[PDB]
Ligand SMILES: COc1cccc(N(C)S(=O)(=O)c2ccc3[nH]c(=O)c(=O)[nH]c3c2)c1
Ligand SMILES: COc1cccc(N(C)S(=O)(=O)c2ccc3[nH]c(=O)c(=O)[nH]c3c2)c1
Ligand SMILES: COc1cccc(N(C)S(=O)(=O)c2ccc3[nH]c(=O)c(=O)[nH]c3c2)c1
Ligand SMILES: COc1cccc(N(C)S(=O)(=O)c2ccc3[nH]c(=O)c(=O)[nH]c3c2)c1
Ligand SMILES: [Cl-]
Ligand SMILES: [Cl-]
Ligand SMILES: [Cl-]
Ligand SMILES: [Cl-]
Ligand SMILES: [Cl-]
Ligand SMILES: [Cl-]
Ligand SMILES: [Cl-]
Ligand SMILES: [Cl-]
Ligand SMILES: [Cl-]
Ligand SMILES: [Cl-]
Ligand SMILES: [Cl-]
Ligand SMILES: [Cl-]
């Protein structure tokens, strides 16, 4: 029972484990395409002895963080342990090896989407974005007098077939992802999957349609069983006008009773309507999880709020070093020190703070970060806050 | 069909309207007690001609706002129009008269809880606090190693009968309400109702119990139909230690599968657990609504964030005046001006900003506040943010 | 095991059987009051040997039939056989004896409400009125421009406490029942029950309210578990204006999502709205059942449609005689004959035709009435039709 | 943004709009076949400027009305406005143009099936047939002694594969449609669709079977998720014997708990059983909607009840002319007049009366038709009633 990088002959066995582990498994053809995102030595397998009983890999990603800074990011995925080999330390062994490789490769951060919420905190990952499902009872929905694009003339939005406007979705998304913390570059094989999923499937999903604006798009489909529910699979808007225009069109889906979308807590949609309550939050969950691999590289790469005045402190990460952290003029400097720590936190907690989705004060109230100075808390809060709201790009 | 302050003889007819309008009507005896909170001329009725077909009143309240400042507050309630007299302008006439009286009396703010979300925005009220229901599957709940109060020895929390510790709940609450934005002074007749509701009722609620800590309490009861659900009706904690201790006790309710609570978006509970996902957000809604009656008095009374540096701007409220607004050193100065507006918003929008629950940027993205300067937005965001998270005290 | 009229000492045992047989049993006090509606020798019991194992009775009622003619009517009720004595012929023996007594007493018709639909047809009862539940989604409900009482000024409807306006409900109902086929005189002990049921009950129904118009009233209550549903227990309108006015008030119940009512198939409510579909038929069932005791007395007492021209036929009822039936000028003459039958039907079928709720053609298509002449069918159809729609007064 | 007849190049864009608007869209191949039912200039499109944002058409149909008279009928269908172009007057503009064309072409009536009930009344369409879903708990179902075809020997009904007996279904249906008000000629491309829908589909409907009698057929299938429910998609019976025989066979579906069918309010099925209650009405909705295009042509073409004696009146349709209406000997004469109106109604109301499904009295009680003479009401009621019950042929 040993651990190594898979050879070509291991992949059929990995796909078997994948099929048995993931109910949404994209299948061997598509998985084989996604292998193009996995660097050489980006994967590990555990063989029994013979067959594969554990696996994990990372993909090369590009993550936007506050200040519109794009970081090379190791995206952990395809993680599975056979049901025959539970409680044998296989996950811990696989994660340790990949983390070794990721750090040595020079990635400042790693990221993943969690199947369950109790697994990845012990390996240094903190939840860093928040998924927020809104369900709109569109039959009652009326736009506020203040809402953009209500006046006379035509609409700027077109109802189109997704496959015929791939180039335009790509361009809009590429713009979106570079300006939003949480944004990920979406490579071509992921655009292949997305448009493949836009098609109707016998006994599966219904056909998807798109609403296209120069500065935004929405992909939606009627739910397979609830025929009065339209599910927006993706809405990417680069301006506020595009966002409002797209929502006017979606609320114009007169066949539907309800429109649902997985969005973020700061989505302005509720405020576009005369009754903000009609945009019901029906589900809330962690999105992207972050493990800061190199504390000073990560903290220095990020932009910080200009509103907070220059301050200096000493931050200890529980097994990640102690640093003199100086933040001013929207930038941080983060250098080694053995001076007494003013702030202490586990590595995962820093991941949760990093994109601005959780407040230091909130984590402090849970005692997940310790400081004896409340002014320092207020300052961290303000400094780490993100000007542009944090969003979740796509699952991987 | 005319409008006036009710005489003693009008109250039976008001209670009839109340019983027919409010399914949770507290009843004539209790309502008669709550009349002690209504000042002379704090109520209006519309009679047909004969009988009462419309009513509304306000109560004298004390609202804590950021900076731990307590404002006299007119709490609109007991608002009803007979089903026989809809679409007759009775609400608009009643609200206009009470607002006249409230302004003339010198209240800087009015507040209410909304039965529906589409009614009160046109009368200048903006939703200002957010209710967040968390449902915990306590069978899986395990506290994080970092969570306060996990070590050896005894517990600081006692399981008690609510009626035998009224004095202690009052003292704890009084402490809580003075330090939390959204806090309301709870007068004695409301403590009477609360403890009356703590009792079992034939065919109604089950008996309530309390968990009591020196610096916090929780009132809870098993749900009447779902006998594996405990509903926490109220949890007031003055320290983080009290909050964690109370949640350790609640999660020790081994008969239950689930614990539910109506709390706020920044409740640190999820971070107390190894699996933050177990604290499921199962419901989200507007709580307290605010109408700023006097813009400069309200804006000057409030504390602002010290982190943001001094700045000056010109704010116009749509039918509420234009002001030179200077914010520095955590205080605002707000004086009349006819200089060009740099920020414009409806009166309700200011109410929504006032306690720090909604961000100016978010409202701007919906075009509910207009400015052509994004630096000004960032500054408003930071300035109006609340250090202590905004909470909802009690419904009225 | 024998059959006789109960003595005073039998009633406790009857109430025991009643309590065990009827989940809506009104209880011993109320049942003792309803005994005032049972004539001397109007009840039978079967004793074992000792205890009561079967019972049945009739009450003296007054039934309005087409032509506004009021008939003395034997209302069968309180019918029960002990679960220990099923399939022993007790029901058949009890019904035969009461029918003997009812016929000998001079009642031309008997009537009942059926617990199950397969029991009473063999004893000569046909379902004669139809219950039609409408559920209105009142949030979308808008009255048609043509609907009565939409203009300026006040409302004619008042929201009142049921107990304070008993006299007015009685007068309105008394008017209603005399002009509607299916109408029943409601005696004082039934008005006692109705107003007793209007009260809230601990762990039971919520408080009832009333909407009162000079020519109509509605009694309604919020549903005990579905707090967004108002159930109209009774709506009696003597004019169309009263009916529309009452429905405007009910649709003005702005707290509710839905209003439900048990009404009749010809209720004009759906046509009062711009979207007739919003008045959803959510349930349909037989109401009053009728056994014609004396065929010629019943048929001659009834009014018939003036539109159909004079015709003559020969009707045979399967064990109820053969008659020369001449119908003209809205009246029938029904005399014995041994001439060949042109129409044949079981006795129950005639009951179903009698108030005009079922068409002869429809029953003919099922072969429940046989004739070889389709012109005769059309004529029966038209003649037996009721000008005023058939309604159900109250359950007994 | 302009309106015109589509060219061949517009159809792909229409199919896109169709796919996005109609969840039951039959698809481009089938839709292309149904184009054969659309006459030259029977369609309109609204283009933006470029793409199609609105569409509507009519098909050439043949509608049976009372008296077994068959009328050329314009069947409105394929009506859609893009969700991007709501509230822009596009529907009103499209309907006005098609109505102009339909009238000028010489159609006396137009018809449609409504997606929602609040849309088409303002354009002159009244609901004219009523869909009535019956659900039979067949495990308790026992046929009445009187029911046809209960005796010894064989059955007249055969269980067959739908595709192998198309000719016989066509012949039976053709007979049915000519004798029933509401009947529509079903052209070959609709028989193509029907038999295509009879096939099982991967992840869709189960296989359909047929029960075939010389004078009737039923098409049924087991429900895809509820495997104890058989849904009768169509039952067409030309005699009562065929109808009863088919229902005996359906109730012989011993694997099923329930049989459901969309039928009409006068279906004799309930009366075929000993317990009429077992035929539960589980759903009720408007079926065919009718717009009378030419009032005198429509009213004169129809047969009327012979039972009512000759009468004359003056009918005004709100923007459709005033007519001297003389009805006698089952025929009407309808000529222009400026004499005072005795009856007034909107055009849609006349559509609702036309096939005999709604009574003039009922509509009068809602004030949807005004007259000051109740004898005239009774006469209209009787005259417009249909001897043969009104049914709904098929959706289009
Ligand atoms: C090289 O192939 C790759 C590489 C990376 C990702 C994927 N997928 C998208 S997957 O196989 O369908 C896939 C992978 C991991 C999952 N993990 C889960 O916890 C879960 O629920 N579903 C999952 C589905 C394929
Ligand atoms: C002087 O008596 C007062 C004064 C102030 C408040 C109250 N109540 C607590 S109440 O009558 O039960 C009450 C009042 C208003 C309501 N409004 C609603 O929209 C609703 O849903 N319930 C409501 C219940 C009694
Ligand atoms: C002399 O006392 C009488 C006389 C006549 C009627 C009544 N009731 C109203 S009852 O007892 O509650 C009652 C009686 C019969 C029922 N039959 C049913 O099939 C059923 O479901 N409920 C029933 C309820 C009391
Ligand atoms: C020329 O092609 C035609 C012509 C006429 C009809 C049809 N169809 C049967 S359809 O496209 O599937 C179709 C059309 C209209 C609809 N309208 C609705 O409100 C709805 O719910 N479904 C609908 C489905 C195709
Ligand atoms: Cl990126
Ligand atoms: Cl930033
Ligand atoms: Cl998002
Ligand atoms: Cl306070
Ligand atoms: Cl503050
Ligand atoms: Cl709270
Ligand atoms: Cl009567
Ligand atoms: Cl009559
Ligand atoms: Cl009724
Ligand atoms: Cl036809
Ligand atoms: Cl006819
Ligand atoms: Cl039908």
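Closer than 18 Å to residue A:64 by Cα and buried (at least 19 other Cβ atoms within 10 Å of the Cβ): does that describe residue A:107? Steps first, answer last, please.
Details: closer than 18 Å to residue A:64 by Cα: yes; buried (at least 19 other Cβ atoms within 10 Å of the Cβ): yes.
In short, yes.
All but one of (1) in contact with a strand residue (DSSP E or B) (Cβ under 8 Å, 6 or more places away or on another chain); (2) under 24 Å from residue B:308 (Cβ atoms) hold for residue A:356; state the number of the condition that does not hold.
Every listed condition holds for residue A:356 apart from (1).
Residues of the stretch A:1-10 being in a helix (DSSP H, G or I) and touching a strand residue (DSSP E or B) at 6+ places or on another chain (Cβ under 7 Å), which ones?
A:10
Could you tell me how many of the residues in the stretch C:263-277 are crowded, with 22+ Cβ neighbours inside 10 Å and either part of a loop (DSSP other than H, G, I, E, B) or within 16 Å of ligand 4 (Cβ to nearest atom) (or both)?
Total meeting the criteria: 2.
Which of the numbered conditions does residue D:319 fail, given that it passes all the others? Conditions: (1) assigned to a loop (DSSP other than H, G, I, E, B); (2) surrounded by 16 or more Cβ atoms within 10 Å (Cβ to Cβ); (3) within 14 Å of chain C (Cβ to nearest Cβ).
Of (1) assigned to a loop (DSSP other than H, G, I, E, B); (2) surrounded by 16 or more Cβ atoms within 10 Å (Cβ to Cβ); (3) within 14 Å of chain C (Cβ to nearest Cβ), only one is false for residue D:319: (2).
Among the residues of the stretch C:359-379 satisfying the criterion of being in contact with a strand residue (DSSP E or B) (Cβ under 7 Å, 6 or more places away or on another chain) and in a helix (DSSP H, G or I), which is nearest to ligand 3 (Cβ to nearest atom)?
My answer is C:363.
Quick test for you: out of B:49, B:13, pick the one residue that is assigned to a helix (DSSP H, G or I) and out of contact with any helix residue (DSSP H, G or I) (no Cβ under 6 Å at 6 or more places or on another chain).
Among B:49, B:13, only B:13 is assigned to a helix (DSSP H, G or I) and out of contact with any helix residue (DSSP H, G or I) (no Cβ under 6 Å at 6 or more places or on another chain).
Check the stretch D:60-80 and report whether any residue there is over 26 Å from residue D:181 (Cα atoms) and either out of contact with any helix residue (DSSP H, G or I) (no Cβ under 7 Å at 6 or more places or on another chain) or more than 16 Å from ligand 9 (Cβ to nearest atom) (or both).
yes
For the stretch C:150-175, how many residues meet the condition of being more than 14 Å from chain B (Cβ to nearest Cβ) and either under 26 Å from residue C:387 (Cβ atoms) or surrounded by 13 or more Cβ atoms within 10 Å (Cβ to Cβ) (or both)? Step through it out loud before you land on a result.
Residues of the stretch C:150-175 that are more than 14 Å from chain B (Cβ to nearest Cβ), as a first pass: C:166-175.
Adding the requirement that they be either under 26 Å from residue C:387 (Cβ atoms) or surrounded by 13 or more Cβ atoms within 10 Å (Cβ to Cβ) (or both) leaves C:166, C:168-175.
The total comes to 9.
Would you mind finding the one in D:356, D:330, D:309 that is more than 10 Å from chain C (Cβ to nearest Cβ) and either more than 27 Å from residue C:270 (Cβ to Cβ) or within 16 Å of ligand 10 (Cβ to nearest atom) (or both)?
D:330
Take the stretch C:176-198 and flag every residue that is out of contact with any helix residue (DSSP H, G or I) (no Cβ under 8 Å at 6 or more places or on another chain) and either within 13 Å of another protein chain (Cβ to nearest Cβ) or within 16 Å of ligand 7 (Cβ to nearest atom) (or both).
Residues satisfying the conditions are C:179, C:180.
Which condition does residue B:40 not pass, out of (1) crowded, with 18+ Cβ neighbours inside 10 Å; (2) closer than 30 Å to residue B:391 by Cα, if it passes all the others?
(1)
Between a residue in the stretch C:25-39 that is not assigned by CATH to the domain that holds residue C:73 and any residue that is more than 16 Å from ligand 7 (Cβ to nearest atom), which pairs come within a Cβ distance under 7 Å, given they are 6 or more apart or on different chains?
Cβ pairs passing all conditions: none.
Mind listing whichever residues of the stretch B:19-58 are closer than 23 Å to residue C:156 by Cβ and within 12 Å of chain C (Cβ to nearest Cβ)? Write out each step before concluding.
So in the stretch B:19-58, the residues closer than 23 Å to residue C:156 by Cβ come out as B:19-21, B:45-55.
Within the stretch B:19-58, B:19, B:20, B:21, B:46, B:47, B:48, B:49, B:50, B:51, B:52, B:53, B:54 meet the criteria.
Restricting to the stretch D:278-298, count the residues that are assigned to a helix (DSSP H, G or I) and in contact with a helix residue (DSSP H, G or I) (Cβ under 8 Å, 6 or more places away or on another chain).
Looking only at that region, the number is 3.
Answer yes or no as to whether residue A:78 is crowded, with 19+ Cβ neighbours inside 10 Å and within 14 Å of ligand 1 (Cβ to nearest atom).
Answer is yes for this residue.
Just to be sure before I move on: is residue A:361 within 13 Å of chain B (Cβ to nearest Cβ) and under 17 Å from the mean Cα position of the chain (by Cα) in the structure I sent?
The answer is no for residue A:361.
Taking the condition surrounded by 21 or more Cβ atoms within 10 Å (Cβ to Cβ), closer than 18 Å to residue B:355 by Cα and within 10 Å of another protein chain (Cβ to nearest Cβ), does residue B:127 pass?
Yes, satisfied.
Can you confirm whether the stretch A:37-46 contains a residue that is in a loop (DSSP other than H, G, I, E, B) and on the phi > 0 side of the Ramachandran plot? It would help to see each step written out before you state the result.
Here is the first cut: in the stretch A:37-46, the ones in a loop (DSSP other than H, G, I, E, B) are A:38-42.
Adding the requirement that they be on the phi > 0 side of the Ramachandran plot leaves A:41.
Looking through the stretch A:37-46, at least one residue is in a loop (DSSP other than H, G, I, E, B) and on the phi > 0 side of the Ramachandran plot.
What do you reckon, is residue C:308 over 20 Å from the mean Cα position of the chain (by Cα) and part of a loop (DSSP other than H, G, I, E, B)?
yes
Conditions: (1) within 16 Å of ligand 15 (Cβ to nearest atom); (2) within 12 Å of another protein chain (Cβ to nearest Cβ). Residue D:70 meets all but one. Number of the miss?
Looking at each condition in turn, residue D:70 falls short on (2).
If you take the residues of the stretch D:251-262 that are within 16 Å of ligand 16 (Cβ to nearest atom) and surrounded by fewer than 22 Cβ atoms within 10 Å (Cβ to Cβ), which of them is farthest from residue D:133 (Cα to Cα)? If you could, list the steps in order and put the result at the bottom.
Quick first cut of the stretch D:251-262, residues within 16 Å of ligand 16 (Cβ to nearest atom) only: D:259-262.
The next check asks that each one be surrounded by fewer than 22 Cβ atoms within 10 Å (Cβ to Cβ); those that pass are D:260, D:262.
Values: D:260: 7, D:262: 4 Å.
Out of the qualifying residues, it is D:260.
Could you please find all residues in the stretch B:12-47 being out of contact with any strand residue (DSSP E or B) (no Cβ under 8 Å at 6 or more places or on another chain) and either under 19 Å from residue B:93 (Cβ atoms) or within 16 Å of ligand 12 (Cβ to nearest atom) (or both)?
Within the stretch B:12-47, B:41 is the sole residue that qualifies.
Please verify whether residue D:186 is within 26 Å of residue D:389 (Cβ to Cβ), out of contact with any strand residue (DSSP E or B) (no Cβ under 6 Å at 6 or more places or on another chain) and more than 16 Å from ligand 6 (Cβ to nearest atom), treating the condition exactly as stated.
When the stated conditions are applied, residue D:186 passes them.
What is reported rests on the model, the rules as stated and the sources as named; these are not laboratory values. All Cβ positions, even for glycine, are placed from backbone atoms using ideal geometry, and neighbour counts span all protein chains on display.
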